[PDB]
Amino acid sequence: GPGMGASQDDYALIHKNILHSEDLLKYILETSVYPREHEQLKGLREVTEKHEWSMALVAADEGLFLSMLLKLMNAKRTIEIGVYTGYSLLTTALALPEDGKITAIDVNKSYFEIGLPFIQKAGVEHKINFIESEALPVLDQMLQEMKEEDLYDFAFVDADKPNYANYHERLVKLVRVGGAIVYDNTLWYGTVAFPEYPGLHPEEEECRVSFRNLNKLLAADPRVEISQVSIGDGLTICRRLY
């Protein structure tokens, strides 16, 4: 209700990680990520680390992996669902060719305006069409207007986790055959490994249940082939078969 509102300090999982030690994660970041991180990504990460919802920020080592994937598959047109301050968005725009185009959807443009000066300084604002909306209505409108030639090469889904299964039903039609859909956080701090997990914030417990259901659904879905990857907070890559 009325008060000071939602704080990430109310959340039980903010200090969890899927790797064995903080020392290993820190080693990966210092050895293999920070020396390869664009200066504007560094700046955007450092301001977002001070933001009240910093727990949502995509991991920097995951960012370099998404960039690698985009280049290896020669992605040109992508969609991002869940922008926040724009780290994965800027990662994607930097990875695409000069003529690459991104459709970026988030309910809260004020987060995006935190990253926008870094995006602009990186010279890649022209690649981004930002839509301030709930993603589901936008995706449903796209299904009525987009033609086969307009299909996306790549989708990154990092928005409200309980809705991933709903996003999936749209994105297997909006991503081209052979294209990729990447769902972020599908290991949810390791909590998905347990049928019951004590002491979670109600929103954290909802996401544990939804990800346990989503992970089973994707593994059974004959429209895609999958790879769940233990990077960041876990992600699942889906490649559309038909």
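One rule holds for the numbers: they count along the sequence shown, beginning at 1.
The stretch 2 to 10 shows the higher mean C-alpha B-factor when 2 to 10 is compared against 232 to 240 in the entry. Averaged over Cα atoms, the B-factor as recorded in the entry is higher for 138 to 146 than for the other of 77 to 85 and 138 to 146. For the set 30, 203, 184, 62, the maximum C-alpha B-factor listed in the entry falls on 203. The residue among 171, 165, 119, 151 whose C-alpha carries the highest B-factor in the deposited model is 151.
Sorting the modelled residues of the chain by their CA temperature factor places residue 44 in the middle third.
The deposited CA B-factor of residue 213 belongs to the middle third of values across its chain. Sort the modelled residues of the chain by CA B factor and residue 198 lands in the highest third.
In the PDB entry, residue 54 places in the highest third of its chain by CA B-factor.
When the CA B factors of the chain's modelled residues are split into thirds, the value for residue 225 lands in the middle one.
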